[PDB]
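See below for the structure under consideration.
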Amino acid sequence: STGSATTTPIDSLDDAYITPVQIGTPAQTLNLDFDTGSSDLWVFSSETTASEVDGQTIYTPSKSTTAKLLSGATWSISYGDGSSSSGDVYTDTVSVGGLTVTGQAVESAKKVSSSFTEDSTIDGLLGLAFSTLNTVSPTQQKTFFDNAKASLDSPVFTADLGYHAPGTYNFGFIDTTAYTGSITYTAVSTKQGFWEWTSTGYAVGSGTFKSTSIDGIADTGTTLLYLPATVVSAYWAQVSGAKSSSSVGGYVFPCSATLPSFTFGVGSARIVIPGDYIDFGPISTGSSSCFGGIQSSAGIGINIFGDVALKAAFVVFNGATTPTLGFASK
Ligand SMILES: C[C@H](NC(=O)CCC(=O)c1cccs1)c1cccnc1
Numbered sequence: 001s002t003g004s005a006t007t008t009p010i011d012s013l014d015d016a017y018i019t020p021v022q023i024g025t026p027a028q029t030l031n032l033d034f035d036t037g038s039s040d041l042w043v044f045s046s047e048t049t050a051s052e053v054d055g056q057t058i059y060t061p062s063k064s065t066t067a068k069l070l071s072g073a074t075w076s077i078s079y080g081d082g083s084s085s086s087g088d089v090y091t092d093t094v095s096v097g098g099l100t101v102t103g104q105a106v107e108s109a110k111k112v113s114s115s116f117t118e119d120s121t122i123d124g125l126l127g128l129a130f131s132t133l134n135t136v137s138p139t140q141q142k143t144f145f146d147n148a149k150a151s152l153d154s155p156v157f158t159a160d161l162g163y164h165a166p167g168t169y170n171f172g173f174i175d176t177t178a179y180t181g182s183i184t185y186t187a188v189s190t191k192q193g194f195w196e197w198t199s200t201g202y203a204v205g206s207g208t209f210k211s212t213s214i215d216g217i218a219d220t221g222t223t224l225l226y227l228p229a230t231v232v233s234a235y236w237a238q239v240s241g242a243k244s245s246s247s248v249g250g251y252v253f254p255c256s257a258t259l260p261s262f263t264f265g266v267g268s269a270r271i272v273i274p275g276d277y278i279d280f281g282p283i284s285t286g287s288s289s290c291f292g293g294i295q296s297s298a299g300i301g302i303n304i305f306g307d308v309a310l311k312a313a314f315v316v317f318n319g320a321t322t323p324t325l326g327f328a329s330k
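Residue numbers (PDB author numbering): 1 to 330.
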């Protein structure tokens, strides 16, 4: 089997991407944030504290003839940005782009933190990291991909995120029309439960490539590119007036600037992130200070190849017995 679904930016800055997902019988369609950095499929629901719901579409398990309470199961997750959610668990039928998994754990939120409430466009998360990170207790549950994998034509999914435009998540096949040149594959460590890999280096604009190993995660659920402070300083040094602002919480730059590109290495191959991809717009409405799309990972503890990086590539998440990651230009 295969599936193919369009993923759409939630706003004009590509702050995140949402993908429609069918849950239950009859189908209830929710727009979920596909997140290769976590492993819980959780949704706003009829059980979510009323004051914490503000415009989201909810899953109502009592209206699904295929929903079953997973008795005694609870979940609770906290992400790197300090956001969180928790609740109980149902199993139900879940379909993405024509690919159906029966008995998928659908984690129903009883509580969500303020940033989730405040984002009316995201109805939940669909985790695509390794199932070892799943938070359901006392019986850990599998991700949608982990459940689908054996049925797929090939045990892979691909992320093809757009810049200020829709893109595609495919399951079970590689669309050879969706990228240019060849796909370069690189090793993955699953030891921390992430799609963790090692970039071979970077360049800023038309500058020379610096060969250096940068270990990080391929994370569709993080907006920006978070890299070591040395690398980030080398980038922003090429932008007149750019500076790290403790009050704003990262590098800002004059909105009048033309940003240089940023290149990262995948083996001997190179992925080029155009300068425009690194502009996240005014820090507040009407400001001439703009927020940067490349930020230091120093406070985080891991480097993160988030959407800013991934959207410059066609990315293969290869779930073979020994997982790997593939990157192509597009
Ligand atoms: C934006 C956030 N990203 C992460 O949590 C990346 C992961 C991260 O920071 C860390 C991993 C290990 C130590 S720190 C997010 C929010 C909501 C849903 N998904 C992701």
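C-beta: ideal position from N, C-alpha, C; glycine also.
For ligand 1, is there any heavy atom lying closer than 6 Å to the beta carbon of residue i?
i           : result
residue 250 : no
residue 83  : yes
residue 36  : no
residue 302 : yes
residue 127 : no
residue 292 : no
residue 265 : no
residue 222 : yes
residue 79  : yes
Apart from the five residues on each side of it in sequence, which residues of its chain come closer than 7 Å, Cβ to Cβ, to residue i?
i           : result
residue 329 : 179, 180, 181, 271, 313
residue 135 : 40, 75, 76, 77
residue 319 : 145, 149, 155, 156
residue 123 : 30, 31, 32, 43, 44, 56, 57
residue 80  : 300
residue 234 : 204
residue 129 : 36, 37, 38, 39, 193, 194, 195
Write down the C-beta distance between residue i and residue j rounded to the nearest angstrom, noting that I regard them as a contact closer than 8 Å.
i           : j           : result
residue 268 : residue 205 : Incorrect: roughly 20 Å between the Cβ atoms, too far for contact.
residue 101 : residue 147 : 5 Å
residue 199 : residue 266 : 7 Å
residue 304 : residue 297 : 6 Å
residue 240 : residue 257 : 7 Å
residue 294 : residue 217 : Not confirmed; about 16 Å, so no contact.
Kindly identify the DSSP beta-bridge partner or partners of residue i.
i           : result
residue 69  : 90
residue 290 : 253, 282
residue 8   : 18
residue 214 : 199
residue 109 : 87
residue 189 : 196
residue 243 : 252
residue 263 : 203, 272
residue 42  : 107, 125
What does a CB cutoff of less than 6 Å around residue i pick up in its chain, not counting 5 residues either side in sequence?
i           : result
residue 311 : 161, 163
residue 4   : 97, 170
residue 7   : 17, 19, 167, 169
residue 15  : 223
residue 142 : 131
residue 61  : 67, 90
residue 117 : 52, 54
Starting from the C-beta of residue i, find all residues in its chain whose C-beta is less than 8 Å away, skip the five residues before and the five after it, and write them out in chain order.
i           : result
residue 140 : 131, 132, 134
residue 282 : 255, 288, 289, 290, 291
Heavy atom of ligand 2 less than 6 Å from the Cβ of residue i, yes or no?
i           : result
residue 206 : Of the ligands this structure carries, namely ligand 1, none is ligand 2.
Under 8 Å: do the segment 21-37 and the segment 89-96 share three or more Cβ pairs, one atom per stretch? Output reads yes: the segment 89-96 touches the segment 21-37.
Any 3 or more C-beta pairs closer than 8 Å across the segment 46-55 and the segment 108-120: Contact between the segment 46-55 and the segment 108-120 is present, with at least three C-beta pairs closer than 8 Å.
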